[PDB]
Every structure is written in structure tokens, then in C-alpha cells.
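Given next, in C-alpha cells, is a single chain: the form deposited in one PDB entry.
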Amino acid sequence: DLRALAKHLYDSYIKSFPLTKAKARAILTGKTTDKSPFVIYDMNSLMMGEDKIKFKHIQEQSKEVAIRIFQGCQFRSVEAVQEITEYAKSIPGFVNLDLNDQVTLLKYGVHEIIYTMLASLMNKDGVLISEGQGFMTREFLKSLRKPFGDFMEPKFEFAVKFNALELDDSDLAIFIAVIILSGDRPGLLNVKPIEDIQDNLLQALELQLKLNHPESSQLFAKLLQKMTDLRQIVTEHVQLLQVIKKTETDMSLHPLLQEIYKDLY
């Protein structure tokens, strides 16, 4: 039951998200047979890196570094929203909730989950990008001109402390699900059936952590505190974006992201 639910969540988590934490840590610890990721630390290494990905993927693109990076960020975020949506629909009970509530949960859940999964791709020195084939240094990101130089920093700060807890993909699968099924999102119509799903997810999470992190009794408690922390990180990310939105006349926000940000905080 609870062990069965943890297994089901792990399997769809693996199906919904290509680059897993296990895979990410192997790349970052050189514990991989693959070619090391190309490192990006300045103007010229960014250009070199882009040369290489011109042979892997593919209308408008700025010649200003910070805006171009932020545009690349937007498209990755859009692709994360899709993945997170397919994941949520795999959570037993979710798709049977009122549609307006489903939309609300994703609207408020999506960024919290993004910063959670981003942690997996980070260490204190930088972040993996493009499916793990590149690595952008933290310091290079801190150097970007305002207001973009401070865009990734709080996300690194979160991840450094979060990664200290050593969750693996199976823990993360349930943790994410608990976050999505929060009955205290603003504007929910039917709180009860959401809490009823979260209750069982919470139980599965507690059990999973007791079994796999036996040395850290009270890891459950510490995880629960992170879920709330994330709420304020998003809140402050959203304030940063309204600044960018108003003062950066060049770039245009992506429509899906506008949808999520609108009337949010």
C-alpha cells in the first residue's frame, strides 16, 4: 500500500523527468563514462558552448548575454511545467479533482517543484544545463548584469542546504507529490479531497524516509520545513520577475509563464 504508492510515484517520476538526480550526481562527480560537461564561465566559453549545441537543438535571440541566457531559461522552465504536469496527473486521485483546483495546485506548485529539481543539478560551484551536457559556473552567473546577476543566487543557496539532506530520486518523487497536493493554496474550491490525498502521501513519505534514511530520524520533520521555505523563495522570485517584466523593455515573457505568474503573489 504505502510501499506500493511510493513505488508508483517513483516509476512515473522516472517517466516524467529525463535527467534524474542519480544521473546528475554521476556527471558532477565525474563518476561517469561519458564526456565531461563543457564548462561555461565567460563570454567566450558561452559562445563556444553554443557552437556545440547548434548541432543538437534549435526564433528571436538576443546578442546580449544576460537576456539570451534568461530567454534560454524561460524555455527550459516551460518544458519543466509540461513535465511537472504529466507527473501530477500520475498522482492517484489528482485527475479526479475539480479541474479549476487542479489548475490552481499546479499554478502554485510549479515553481516550488522547479527549485526542488534544480537543486539536483547544482553543487556549490554551478549548475548543469542542457540535459547534463553543459555546466555553468555560479560565479559567472553572479557576474551577470543587474537584475540578472542575482537571479540564480538564492536558488544556489537553497540547493546547497537542501542537497545536504541527501535525498535520492525515490524520496524526491514523493516529496514533489506532497507539495503539489497542498490544500492551503489560495482560491481552492474543495480543500478536503486534496488534504485526503496529501494525508496518504505524507504517510508514504514518512515511511520511505524511515526505511531509507535510518540514521536521520527526524528527516521527515526537516523535509516538511523545506516545503514551506520554498514558498518564500518563490514569493521573492516572483517579485524579481515583476521588476524584470517592467524595466527590461527588450525581452518578452513566455505566455505559459505569464499565465502562472499572473495574479500570483
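For every residue, the number given is its place in the sequence shown, counted from 1. Rigid core: the largest C-alpha set superposing within 1.5 Å between the two forms. Only residues modelled in both forms are compared.
Keep in mind the form deposited in another entry is missing from the figure; the text below concerns it.
After superposition on the rigid core, the Cα atom of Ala24 is displaced by less than 2 Å between the shown form and the other one. With the core held fixed, the Cα of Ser252 is displaced between the shown form and the other one by 2 Å or more. Legend note: Cα of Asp34 to Cα of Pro18 is at least 3 Å closer in the other form than in the depicted form. In the other form, the Cα atoms of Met117 and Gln258 sit 3 Å or more farther from each other than they do here.
In sequence order, 33-36, 248-264 are the runs of at least 3 residues present in both forms whose Cα atoms shift by 2 Å or more between the shown form and the other one once the core is superposed.
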